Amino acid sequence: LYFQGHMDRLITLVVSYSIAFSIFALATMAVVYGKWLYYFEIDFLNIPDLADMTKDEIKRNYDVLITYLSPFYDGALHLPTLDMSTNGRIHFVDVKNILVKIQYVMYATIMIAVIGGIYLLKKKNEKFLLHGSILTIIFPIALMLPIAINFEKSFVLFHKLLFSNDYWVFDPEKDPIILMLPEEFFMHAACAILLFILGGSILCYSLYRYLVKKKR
């Protein structure tokens, strides 16, 4: 009992951070691989005007690129309409590699938390559900203002942090897909992620309080 205390409490520690990360990764893949937001973006930002492309050309290029970024696509990236340089296809491999590593870690934290969670959950201990929501709502709270007021510079730091080359700044001449990827769209995608993080936090917290009311 002196040791089930710690071990259950280390599992509530390990499980808690894996709840936070799993929500982070899940919200990312939902926004990254979701095409509903970007399809709305095409008319809302008037991307045809921005890129001198048609609504059909923009959709298929985005369709092909999003398909290229899945773990289960082993082919190279060829855009239906736009040409691209070797620097351009190095960046999308960088982006593809980042997504794959987040997803690999995400499966671990999703399993760690579901398996280890139900262990502590059926053992009448829900401390991990409060800690999880607190840890994961730190994300939107810390980053809501950086995106809202300083997106352009937060965007650069983000890229500088995650990429070890210069190729993330696209030359419209050699990589014209940058014209159909406006900065406002990535800003909305960052907001959608944070809303899903915040949504998952509230969801995770709704359970905690609801479960604590069960014990009493």
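Just count from 1 along the sequence shown to find any residue number.
Legend: mean Cα B-factor per stretch from the PDB entry, 162-170 versus 43-51; the higher mean is in 43-51. Taking the mean C-alpha B-factor of each stretch as recorded, 130-138 and 74-82 are not equal, and the higher mean is that of 130-138. For the set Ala108, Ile118, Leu143, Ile90, the maximum C-alpha B-factor listed in the entry falls on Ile118. Annotation for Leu194: C-alpha temperature factor in the lowest third relative to the rest of the modelled chain, per the entry. When the modelled residues of the chain are ordered by their C-alpha B factor, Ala113 lands in the highest third. Looking at the C-alpha B-factors along this chain, the one for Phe21 belongs to the middle third. In this PDB entry, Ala27 carries a Cα temperature factor that places it within the middle third of its chain's modelled residues. Sort the modelled residues of the chain by CA B factor and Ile149 lands in the highest third.
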